[PDB]
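Undergrad: So that we are looking at the same thing, I have put the structure below in structure tokens.
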Amino acid sequence: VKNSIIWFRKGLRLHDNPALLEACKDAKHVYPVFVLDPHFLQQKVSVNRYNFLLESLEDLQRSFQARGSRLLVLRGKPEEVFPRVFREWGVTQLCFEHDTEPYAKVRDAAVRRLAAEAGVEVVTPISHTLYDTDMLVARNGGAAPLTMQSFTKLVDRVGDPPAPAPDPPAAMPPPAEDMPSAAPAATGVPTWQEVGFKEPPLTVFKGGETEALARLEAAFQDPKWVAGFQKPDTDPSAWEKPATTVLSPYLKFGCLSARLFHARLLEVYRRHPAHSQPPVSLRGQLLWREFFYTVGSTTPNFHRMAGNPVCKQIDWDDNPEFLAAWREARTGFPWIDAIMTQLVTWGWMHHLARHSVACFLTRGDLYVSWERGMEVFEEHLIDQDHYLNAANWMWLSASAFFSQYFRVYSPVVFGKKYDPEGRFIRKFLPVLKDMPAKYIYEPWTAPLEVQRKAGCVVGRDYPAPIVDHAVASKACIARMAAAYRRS
Ligand SMILES: Cc1cc2nc3c(=O)[nH]c(=O)nc-3n(C[C@H](O)[C@H](O)[C@H](O)COP(=O)(O)OP(=O)(O)OC[C@H]3O[C@@H](n4cnc5c(N)ncnc54)[C@H](O)[C@@H]3O)c2cc1C
Ligand SMILES: [Cl-]
């Protein structure tokens, strides 16, 4: 008889899950498995993202229970848990979604060898990205495209991505009864208190496939908004109703299928002939993700500067004081400190908000290495993605993909074009909620009578700016010039 395991790592969904469909085919018992390292925190992981993962597992648990099954959360390392449950459950097939991250390739190769020793068939479909990224490299002549323009031409020669896979059956083969490793008390979804976190999560975005599909339908409620979507023209100060889809955390964990997203976009584009085109369209945003996944998976040391063949070697400053002020949202620029506060409280900011803080830290003002601001994002972002966090930090720091270092965002003027009253600043920096709009972007310029009346004295209630932007940006720009010619 066929006993199969569907191993969840990413792809935390039932829709468009060809690995799940294969595991259920002709199966007598199916074991939905997620593997959890109970010592992961005793090692840089905010409770916002980890609770988002736990909420996504609870959603999977309810979706399996409704179909006669149960999600098994196994504690331990996969190289140890799988050899045991292979024999205990009589497993004949192991199915999981392909993953191209560096740690995943090392981990999955070992499990494959353990599966071969136990006579277990391994099926690993691709469904996390739009395409087989190795096929894109092969069709381009053996190397990944290094510009978005050549990448868009490549995917148009290849054609449409595969359609989303059918829904799983209404009833699933359950796990076998009375298996010791499947005991309910040892395979349940833990809470954030039980894994060791002391402070609760503060983000407003709930994890899970159900929430992902609900947010997807909300985005497509106005097809003209989807058709005319232009990414650079969206508002980074919009927080009550964010200017973009905020589907990145669901696409990161796989709660939402990228192919389903792409299939719904083409349905709208077929009825709106003047729809936006890449790279600014909504489809172009999925292509940015596909582009960085393709170039990152094929480039050594992609998450670092040294040994990275695509990254420029710039002599960044080792300045712990600047990094600490930026990390702790006390730079003295309310626009910067408000975004960094949104990073810690929500785990998500608009793309152009990430532009503002990443430029300020690196090539714009502080000249701190993009690797340092990266690890800050890796801790707090609920949508943190190994390849997307990397490539965008190299973009913003003019280390790769982007080379126009004379374009420096002003930490004072940028947000004022969108939000002159500073509604975004007052929401995330309530210490400035009474400051008049004339000074809310430059509170050090307000007269003291205004600072006292507003209850926000610069240097006592809110810090003075750590740098002069005109002096700092002039120095950084000229140094980047010395870095770029000496290359
Ligand atoms: C310094 C920096 C770090 C970033 N780190 C991450 C990260 O860790 N995870 C992450 O998902 N995105 C990252 N991005 C990209 C981008 O800012 C987010 O994807 C975007 O803010 C998500 O909002 P949204 O889901 O509403 O996007 P939408 O505009 O609605 O786009 C839809 C989807 O397209 C993809 N997408 C959009 N913009 C990009 C982009 N520039 N690169 C790659 N894919 C994109 C995402 O999957 C997103 O969910 C980073 C950008 C910067 C500048
Ligand atoms: Cl600007």
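Letters for chains follow the order of the structure tokens (A, B, ...), residue numbers begin at 1 for each chain, and ligand numbers begin at 1 in the order shown.
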Taking only C-alpha atoms and all ligand atoms into account, produce a table as CSV in which each residue of chain A with an atom at most 7 Å from an atom of ligand 2 appears once, together with its shortest atom pair and the distance in Å to one decimal, ordered by chain and rising number.
TA:
```
residue,atom,partner,partner_atom_place_in_ligand_line,distance
A:408,CA,ligand 2,1 (Cl),6.7
A:409,CA,ligand 2,1 (Cl),4.2
A:410,CA,ligand 2,1 (Cl),4.5
A:413,CA,ligand 2,1 (Cl),5.7
A:414,CA,ligand 2,1 (Cl),4.5
```
Undergrad: Collect all residues with atoms no farther than 7 Å from ligand 1, counting only C-alpha atoms and all ligand atoms, and output them as a count of residues only.
TA: 33
Undergrad: Excluding stretch 19-33 of chain A and residues on its chain fewer than 3 positions from it, collect all residues at most 7 Å away from it, counting only C-alpha atoms, and give them as a list in words.
TA: residues 1, 2, 3, 4, 5, 6, 7, 8, 70, 71, 72, 73, 74, 95, 96, 97, 124, 125, 168, 172, 173, 174, 175 and 176 of chain A
Undergrad: Between atom CA of residue A:150 and atom CA of residue A:100, what is the spacing in Å?
TA: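 Atom-to-atom, atom CA of residue A:100 to atom CA of residue A:150, that is 21.7 Å.
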Undergrad: As an MDAnalysis selection string, which residues of stretch 2-245 of chain A does DSSP assign to strand (DSSP E or B)?
TA: chainID A and resid 3:8 29:36 72:75 93:96 121:123
Undergrad: Save the residues we just selected, C-alpha atoms, as a compact mmCIF listing (two decimals), in the first residue's frame?
TA:
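Result written to out-v5.txt:
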```
# COMPACT_ATOMS: atom_id res chain seq x y z
CA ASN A 3 1.83 5.70 2.62
CA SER A 4 3.07 9.19 1.81
CA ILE A 5 4.36 12.30 3.56
CA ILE A 6 3.68 15.84 2.34
CA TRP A 7 6.45 17.91 3.92
CA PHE A 8 5.60 21.58 4.41
CA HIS A 29 -2.44 7.18 4.58
CA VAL A 30 -1.07 10.72 4.20
CA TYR A 31 1.05 12.43 6.87
CA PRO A 32 1.09 16.26 6.58
CA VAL A 33 4.36 17.18 8.29
CA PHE A 34 6.02 20.42 9.34
CA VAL A 35 9.38 20.16 11.11
CA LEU A 36 10.14 22.64 13.89
CA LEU A 72 1.69 16.95 12.32
CA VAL A 73 4.24 19.40 13.74
CA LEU A 74 7.33 17.28 14.41
CA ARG A 75 9.94 18.67 16.81
CA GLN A 93 6.72 8.40 -1.02
CA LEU A 94 7.96 11.78 0.19
CA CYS A 95 6.67 14.96 -1.46
CA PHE A 96 7.69 18.56 -0.88
CA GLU A 121 10.37 7.83 -3.62
CA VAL A 122 10.99 11.59 -3.61
CA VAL A 123 8.85 13.94 -5.72
```
Undergrad: Kindly indicate which residue among A:265, A:218, A:323, A:336 lies nearest to residue A:370, using only C-alpha atoms for the distances.
TA: A:323
Undergrad: Would you kindly return, as a PyMOL selection string, each protein, DNA or RNA residue with an atom no farther than 10 Å from any atom of residue A:60, considering only C-alpha atoms and excluding same-chain residues fewer than 4 positions away?
TA: chain A and resi 8+12-14+32+54-56+64-66+70-71+208-210+255
Undergrad: Given only C-alpha atoms as the basis, pick out the residue of A:334, A:463, A:242, A:373 nearest to residue A:435.
TA: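 Among the listed residues, A:334 lies closest to residue A:435.
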